[PDB]
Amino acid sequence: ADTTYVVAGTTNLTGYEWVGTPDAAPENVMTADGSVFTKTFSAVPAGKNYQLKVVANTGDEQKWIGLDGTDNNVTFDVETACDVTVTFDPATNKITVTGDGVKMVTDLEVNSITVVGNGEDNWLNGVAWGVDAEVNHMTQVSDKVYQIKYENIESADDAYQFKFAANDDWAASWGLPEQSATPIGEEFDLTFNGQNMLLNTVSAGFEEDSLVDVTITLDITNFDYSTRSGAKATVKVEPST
């Protein structure tokens, strides 16, 4: 079974938005090199939070491979414009990123959190997937606790989707393991690089089209970057005042 490896990642690194198919991103197919595979990106600009994964393509079947045996994106900065080489070893699933200007990201300092989602009218202030929209910056109400409120939302199911994004980009984000309804009125654990959260207020007991006020709280007091574990949220829904 013939396997083709593709570097998928951010548009700024790869020229495509997380495209893992050889026919769709032929420039990012990795070349056979000894017992491993290599892809060099020419003159990558100085920048922060470049991200990639290696995608194994065997016919229609895709396997997305993240950092050092995890499902995390490989995340690095480039200090000075340089050629970045990505190495992949099928025997170990080791991904290496090398180059004079390359520095691996090994920690996260949160300076902002954006609520990002399918905004319309009062829902996320009308912003459609705006990762850096100031109006959806959560307020830091204490050390590592963030809150935002959306008032006068029409109660609906399968209408409202959202995630949390740190530092006005997608490098550090939270959602759920599968795209599914958020727990309502109870603290729940968040998945780093997770799927969209659904805010299904009819299923939460608020009559369709009735107005509700939504209060979202994000607690990263026990978030550990090394494990990507410990971020928690609460989504409070109340009849509108």
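Residues carry their position along the shown sequence, with the first being 1.
- When the mean C-alpha temperature factors of 136 to 144 and 118 to 126 are read from the deposited coordinates, 136 to 144 comes out higher.
- Higher average CA B factor: 100 to 108, of the stretches 100 to 108 and 148 to 156.
- Ranking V36, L67, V202, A181 by the C-alpha B-factor listed in the PDB entry places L67 at the top.
- Ranking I95, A166, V84, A91 by the C-alpha B-factor listed in the PDB entry places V84 at the top.
- Residue-level temperature factors show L211 in the middle third of its chain, judged at the C-alpha atom.
- In the deposited entry, the Cα temperature factor of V237 places it in the middle third of its chain's modelled residues.
- Ranked within its chain, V29 lands in the middle third, by CA B factor from the PDB record.
- In this PDB entry, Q51 carries a Cα temperature factor that places it within the lowest third of its chain's modelled residues.
- In the PDB entry, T10 places in the middle third of its chain by CA B-factor.
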